[PDB]
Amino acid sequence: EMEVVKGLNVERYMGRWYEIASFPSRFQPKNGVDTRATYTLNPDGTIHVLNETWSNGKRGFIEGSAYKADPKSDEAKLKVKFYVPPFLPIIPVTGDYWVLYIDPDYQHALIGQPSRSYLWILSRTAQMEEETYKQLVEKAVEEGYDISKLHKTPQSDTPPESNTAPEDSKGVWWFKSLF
């Protein structure tokens, strides 16, 4: 069983996070550069998710949602939900998003899941302090991850520009109006 943070400040968790390192999900592009997530609090309390990465020089992105697995619990156990393929978004896919650690200043976080398949180390700065990085990697070991093949995500000196306003660019609203 995993130790997930309790009492996450959702408002404060919003904004931009850079992926410092990750065991990417199956469909997350594997040799991404400048990978980042933008989180926005929706009016109903769920979270809008914009994940972005640069694959061989081109921005790719996916829009989705995150929400509490059990609203009555104080554990930071979320689910993320996407509609795929992006160009025909009719298949809902979900997965576990557990905040294993976050510092008091909400500057870096360790994201994991009970399967120990995937893992992300996030930072408000694209260039993370090295001792802090090692501490979060060690925290992943405490939770039973094998961090042997964990490689850092390349981050440019300056972050590339993009539109990160919350949007449904693929038209999921139309598919949902059907039902």
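Quick note: we count residues from 1 along the sequence shown, nothing fancier.
Taking the mean C-alpha B-factor of each stretch as recorded, 88 to 96 and 68 to 76 are not equal, and the higher mean is that of 68 to 76. For the pair 25 to 33 and 51 to 59, the mean B factor over Cα atoms is greater in 25 to 33. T153: CA B factor in the middle third of modelled residues in this chain (values from the PDB entry). Among the modelled residues of the chain, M128 sits in the middle third by CA temperature factor in this PDB entry. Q113: CA B factor lies in the middle third for its chain, per the PDB record. Split the chain's modelled residues into thirds by C-alpha temperature factor. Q135 is in the highest one.
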